[PDB]
Amino acid sequence: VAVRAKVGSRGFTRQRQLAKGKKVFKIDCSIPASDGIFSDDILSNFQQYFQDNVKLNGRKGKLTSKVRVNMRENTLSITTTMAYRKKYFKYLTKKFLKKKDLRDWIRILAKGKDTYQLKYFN
Amino acid sequence: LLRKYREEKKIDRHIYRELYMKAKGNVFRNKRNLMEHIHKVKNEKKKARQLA
Amino acid sequence: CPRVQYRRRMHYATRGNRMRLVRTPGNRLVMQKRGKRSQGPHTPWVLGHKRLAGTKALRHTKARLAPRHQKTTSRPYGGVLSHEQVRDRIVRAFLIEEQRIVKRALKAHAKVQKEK
Amino acid sequence: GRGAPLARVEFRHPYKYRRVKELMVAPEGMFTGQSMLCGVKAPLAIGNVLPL
Amino acid sequence: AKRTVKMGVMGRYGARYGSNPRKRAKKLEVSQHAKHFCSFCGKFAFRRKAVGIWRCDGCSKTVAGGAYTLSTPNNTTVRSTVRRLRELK
Amino acid sequence: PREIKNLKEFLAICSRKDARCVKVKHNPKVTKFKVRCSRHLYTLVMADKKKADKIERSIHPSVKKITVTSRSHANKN
Amino acid sequence: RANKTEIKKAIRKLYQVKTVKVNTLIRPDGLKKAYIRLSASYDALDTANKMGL
RNA sequence: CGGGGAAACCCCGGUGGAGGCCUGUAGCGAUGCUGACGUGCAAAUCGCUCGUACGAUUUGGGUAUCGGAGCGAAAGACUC
RNA sequence: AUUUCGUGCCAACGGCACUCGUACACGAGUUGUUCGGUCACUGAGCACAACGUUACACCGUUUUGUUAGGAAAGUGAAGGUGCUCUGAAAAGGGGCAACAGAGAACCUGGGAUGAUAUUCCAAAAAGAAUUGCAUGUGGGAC
RNA sequence: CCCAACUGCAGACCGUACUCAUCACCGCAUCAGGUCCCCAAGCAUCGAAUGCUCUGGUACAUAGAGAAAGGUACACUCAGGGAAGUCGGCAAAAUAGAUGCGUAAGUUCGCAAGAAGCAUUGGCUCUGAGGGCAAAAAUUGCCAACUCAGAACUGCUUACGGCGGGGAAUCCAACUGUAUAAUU
RNA sequence: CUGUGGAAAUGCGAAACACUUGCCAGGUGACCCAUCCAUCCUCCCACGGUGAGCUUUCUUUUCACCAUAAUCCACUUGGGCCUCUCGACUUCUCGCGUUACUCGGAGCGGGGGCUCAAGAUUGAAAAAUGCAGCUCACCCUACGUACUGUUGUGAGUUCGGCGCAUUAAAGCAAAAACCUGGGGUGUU
Ligand SMILES: [K+]
Ligand SMILES: [K+]
Ligand SMILES: [K+]
Ligand SMILES: [K+]
Ligand SMILES: [K+]
Ligand SMILES: [Mg+2]
Ligand SMILES: [Mg+2]
Ligand SMILES: [Mg+2]
Ligand SMILES: [Mg+2]
Ligand SMILES: [Mg+2]
Ligand SMILES: [Mg+2]
Ligand SMILES: [Mg+2]
Ligand SMILES: [Mg+2]
Ligand SMILES: [Mg+2]
Ligand SMILES: [Mg+2]
Ligand SMILES: [Mg+2]
Ligand SMILES: [Mg+2]
Ligand SMILES: [Mg+2]
Ligand SMILES: [Mg+2]
Ligand SMILES: [Mg+2]
Ligand SMILES: [Mg+2]
Ligand SMILES: [Mg+2]
Ligand SMILES: [Mg+2]
Ligand SMILES: [Mg+2]
Ligand SMILES: [Mg+2]
Ligand SMILES: [Mg+2]
Ligand SMILES: [Mg+2]
Ligand SMILES: [Mg+2]
Ligand SMILES: [Mg+2]
Ligand SMILES: [Mg+2]
Ligand SMILES: [Mg+2]
Ligand SMILES: [Mg+2]
Ligand SMILES: [Mg+2]
Ligand SMILES: [Mg+2]
Ligand code: NA
Ligand code: NA
Ligand code: NA
Ligand code: NA
Ligand SMILES: [Zn+2]
């Protein structure tokens with residue numbers, strides 16, 4: 001509230017950066033991949049979906065050299081020097097599953113630090 | 001503001017006392033009004049000193 | 001905003017039944033009684049009634065159990081008078097007595113002169 | 001319930017080792033610290049008590 | 001006389017009680033709330049504390065005086081009469 | 001509760017009769033010994049794990065020793 | 001009409017036990033009820049079976 | 001704090017927060033509809049509207065004064 | 001003043017209804033060194049004693065420091081004896097009246113109940129404390 | 001015999017369930033009447049006004065079907081006229097917040113006064129003013145809160161709740177207050 | 001040595017700094033509005049980690065939770081006071097300070113200190129507790145065992161500052177109990 005805001009700048013915001021850098025979030029999808037629910041087409045879609053939907057500085061589809069969405073052995077890994085909230089990647093995963101059908105089969109939990117794990121319903 | 005300037009010795013006690021009573025008398029509208037008056041006071045004091 | 005109840009068996013808001021609100025380790029808001037305070041020792045009322053230095057303000061139970069030093073001072077009239085009033089009494093005692101002695105000598109000398 | 005003020009005067013007990021406190025109606029001009037003398041040999045001054 | 005032409009301190013009473021009764025109480029009210037001269041310490045610091053009791057803010061002395069003024073006119077003549085009568089003896 | 005300031009007075013307290021038990025608490029990066037006497041609980045803190053196991057092992061077997069853990073509801077019945 | 005001290009003494013004489021606490025209340029019907037806690041050296045269940053329960 | 005004046009003294013702008021002061025909740029009352037009900041919800045109640053609301057203000061417990069007597073800012077009011 | 005809780009139950013009662021109930025029946029429940037009162041304060045006040053009055057106490061006085069023409073103190077400073085005599089000083093009889101005034105040493109957690117809890121918890125007391133008396137030992141002084 | 005720091009043992013009596021009210025108290029009763037104290041959320045707004053809502057609590061008041069007249073209402077609307085109604089403008093209608101400008105006779109000079117009266121008010125995108133803390137200081141950097149004043153564009157069916165009608169005179173009592181519980 | 005340190009404000013506590021209901025004197029108990037600043041606590045924001053809600057399209061999103069009792073040990077703000085400045089308005093009009101009605105040779109201000117009140121920080125208590133999650137993990141019927149998580153310059157708010165303290169022809173109860181001293185006894 002030091003400077004008055006304007007409607008023209010509603011879609012833009014500064015992101016704020018880390019000091020030491022090199023923070024990585026992981027998502028594990030081994031269980032659905034082992035079964036037939038997560039075919040490699042879905043895995044490719046999953047990695048692709050994260051690519052054009054992660055929002056940097058207020059805009060999506062324009063993340064380079066600061067956010068890496070590399071995917072290796074069924075574990076999506078996001079490496080960044082930007083400052084993010086861990087719940088954001090849980091919020092993105094739920095949207096992707098809801099766009100597909102599996103929201104009623106697969107649940108997402110926090111297995112450990114900086115990791116999320118996908119498993120089955122009962 | 002007046003207390004800070006006196007501590008920094010940018011004004012003396014005689015100037016401080018006169019401006020203290022004028023602020024209580026509703027002469028300065030805001031902070032910028034007070035600084036401009038102080039700058040004017042500092043200027044004509046310097047000119048008189050150099051003339052003497 | 002949770003609401004509280006009186007926990008003792010007096011339910012009136014007097015100067016002695018004053019309560020504070022406390023949050024417990026179990027995440028509950030309860031009422032706890034804060035006791036009264038004392039005004040502390042003072043100088044005599046007819047001498048100004050001022051708060052004495054070097055003495056604490058203690059209620060009945062705490063004043064009885066406290067060490068003597070917390071309510072007194074090493075000088076004469078320790079926890080009764082301030083140092084100005086003590087100095088006034090000393091000066092008054094000496095000067096008045098000297099004046100009394102002066103008069104007695106003056107009167108006796110006058111009697112001697114009359115005798116001669 | 002009273003218009004006139006009252007005065008608290010402190011005396012020494014004539015026969016015992018104790019102090020006596022009295023309460024009288026104050027004449028105009030009485031002040032705290034004043035000395036009051038009562039008796040046949042008291043002088044004529046404001047605040048003294050004398051036989052008629 | 002910027003805020004009020006003539007009412008003065010009696011301006012808290014609005015338009016009640018009549019003009020003359022308000023005037024008669026204005027003289028005594030002004031003196032009762034004023035600061036009077038202390039002959040003990042030389043300051044203008046005497047104030048009233050209940051009717052007839054006057055206390056000095058400087059030397060903390062309490063005197064018995066008049067209801068609305070520190071010294072009544074009758075008191076001064078009595079003081080001089082007594083002093084003259086005492087020295088007469 | 002009272003705090004023990006040095007090893008010397010800790011040994012005096014432990015040797016003292018009416019010492020009901022000694023409870024040993026293994027916090028991270030610190031270790032506490034709590035001696036339950038009458039009317040008061042005395043505590044001694046040690047910063048290093050070494051020179052603390054030695055103190056624990058050098059306790060008279062007459063004194064009852066307890067290792068503090070977290071007990072479940074069923075364990076507390 | 002009995003108080004706690006006499007209740008404690010009477011229990012010791014009748015049943016040869018040591019108590020650590022005695023609590024009492026007066027019932028709404030007028031009778032007085034007492035809760036008596038025994039020492040850890042004595043078994044409440046054993047005493048109850050001796051009396052016949 | 002500024003102006004005006006030879007003086008006596010006068011004037012503007014602020015600050016301050018007085019009053020059995022005003023509008024208005026709770027509270028304490030009871031003006032009109034001569035409204036509702038009038039074998040009632042009620043042996044005096046209900047609805048809108050209305051008086052006052054820092055004071056001669058409202059209220060709990062305790063205590064004191066009575067039958068030709070008590071009490072009454074006075075209506076012969078009130079005293080289960 | 002048992003309406004609280006559990007179980008059963010529908011004759012009468014809850015101006016209609018009931019399988020429901022503050023109904024009916026049978027059994028249960030209220031735990032304190034520290035909470036409130038009291039031990040233990042005074043207030044507006046009351047009225048035992050004493051005195052006076054009345055044909056007759058079932059009447060009057062009884063806090064403006066204070067009963068009674070009125071001998072209402074049964075306490076014991078310094079000192080002597082031994083390991084218990086003599087006596088200084090103290091005027092004004094005995095009570096009651098505040099569960100919002102004065103006063104008052106305890107706090108959280110609980111898997112501890114069908115119903116009570118700052119009142120219950122027992123050796124790792126879930127525990128941590130504060131205060132009233134008596135003692136015995138270790139130490140300073142007689 | 002006195003004491004400090006410990007330690008050992010013992011800590012008396014009565015109250016304790018439930019209620020405190022549109023069903024537990026007083027009004028013959030589970031009666032729209034009466035009855036002291038404490039705790040008190042979010043948004044609109046000057047707000048303990050009034051309207052809606054999370055927590056906690058309720059769906060308990062005899063119901064179903066269903067456009068007769070006449071009624072009661074803490075319910076409304078009416079062309080043209082506008083008190084002609086009536087003892088009497090009774091009842092209803094009507095004014096209304098905030099901001100800018102302006103305001104009579106009389107007067108005890110305090111008031112009268114919100115006297116009277118005229119104008120503006122939405123939405124959206126912008127602009128200016130009003131401050132703290134750091135530093136070797138008419139400088140630089142970082143940061144909070146919500147008021148006030150303006151401009152362009154665009155719109156109206158005058159559109160929640162809440163909220164004074166005003167003026168000219170006569171009689172009486174100076175004023176605030178009290179006062180016939182149940183016709184003044 | 002016979003309590004003791006400091007020029008002073010006044011400090012020092014294992015048990016002689018012992019006793020003082022012979023006596024006397026003070027104090028606590030003990031009483032006062034409003035404005036202003038404002039405690040405990042409440043509500044809002046910021047920071048983000050656990051779980052849920054919505055998701056044709058939007059929303060780095062919406063909701064819940066994020067705790068520390070008594071007791072004990074060891075830098076700020078406000079008031080009072082001491083000392084130095086060989087002590088300020090010497091001199092046409094001195095200085096400090098409040099939102100606010102005033103204060104100063106009967107001792108302002110400035111440097112350094114003593115003390116009281118209210119807080120802050122550090123530690124014992126106290127994580128061993130509480131609250132959530134997981135509970136197709138690893139078990140079998142046990143209230144079972146592992147494991148994971150645990151900033152405000154905002155807006156209100158009478159504890160306190162606060163009384164010789166309100167309008168006043170109104171001036172704000174008393175006592176028990178307790179505290180300290182003057183005298184006196186006591187130690188060498
Ligand atoms: K006002
Ligand atoms: K009105
Ligand atoms: K609800
Ligand atoms: K008019
Ligand atoms: K009025
Ligand atoms: Mg005080
Ligand atoms: Mg005398
Ligand atoms: Mg009991
Ligand atoms: Mg009014
Ligand atoms: Mg009618
Ligand atoms: Mg009203
Ligand atoms: Mg008549
Ligand atoms: Mg029926
Ligand atoms: Mg029954
Ligand atoms: Mg009395
Ligand atoms: Mg009380
Ligand atoms: Mg108690
Ligand atoms: Mg219950
Ligand atoms: Mg109960
Ligand atoms: Mg009712
Ligand atoms: Mg708003
Ligand atoms: Mg309301
Ligand atoms: Mg509201
Ligand atoms: Mg009905
Ligand atoms: Mg028409
Ligand atoms: Mg028309
Ligand atoms: Mg007509
Ligand atoms: Mg006609
Ligand atoms: Mg009308
Ligand atoms: Mg005019
Ligand atoms: Mg207008
Ligand atoms: Mg009238
Ligand atoms: Mg009237
Ligand atoms: Mg009537
Ligand atoms: Na008024
Ligand atoms: Na009593
Ligand atoms: Na209630
Ligand atoms: Na009902
Ligand atoms: Zn004076």
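Just so we're on the same page: letters track the sequence lines, and every chain starts at 1.
- Legend: stacked base step between J/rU19 and J/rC20; six-membered ring centres less than 5.5 Å apart, planes less than 30° apart.
- Residue contacts for D/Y17: at a heavy-atom cut-off of 4.0 Å it reaches a base atom on one of the strands shown.
- Nucleic acid contact class of E/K35 (heavy atoms, under 4.0 Å, all strands): sugar-phosphate only.
- I/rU19 makes up no base pair with any nucleotide shown, lacking Watson-Crick or G-U wobble contacts both under 3.5 Å.
- The base of K/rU59 sits with one of its N or O atoms less than 3.5 Å from a complementary donor or acceptor on the side chain of A/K95.
- Taken as a pair, H/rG27 and H/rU52 qualify: Watson-Crick (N1-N3 plus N6-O4 or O6-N4) or G-U wobble (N1-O2 and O6-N3), both under 3.5 Å.
- For the criterion of Watson-Crick or G-U wobble pairing, both bonds shorter than 3.5 Å, the nucleotides K/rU28 and K/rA38 do not count as partners.
- Using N1 to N3 plus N6-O4 or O6-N4 for Watson-Crick, or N1-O2 and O6-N3 for G-U wobble, each under 3.5 Å, I/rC24 pairs with I/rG8.
- If you check K/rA137 against K/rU185, you find neither a Watson-Crick nor a G-U wobble pair with both contacts below 3.5 Å.
- Contact annotation for C/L47: no contact, since no heavy-atom pair falls under 4.0 Å across all strands.
- Nucleic acid contact for C/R87: none, since no nucleic acid atom lies under 4.0 Å from a heavy atom of the residue.
- No aromatic stack links C/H83 and the base of K/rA9, using centre distance under 5.5 Å and interplanar angle under 30°.
- Contact annotation for B/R17: base contact, defined as any heavy-atom pair under 4.0 Å involving a base atom.
- In this structure K/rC41 is paired with K/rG156, meeting the Watson-Crick or G-U wobble definition at both distances under 3.5 Å.
- Within 3.5 Å, a donor on the side chain of E/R48 pairs with an acceptor on the base of K/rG171, or the reverse.
- Side-chain atoms of C/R20 do not come within 3.5 Å of backbone N or O of C/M31 as any donor-acceptor pair.
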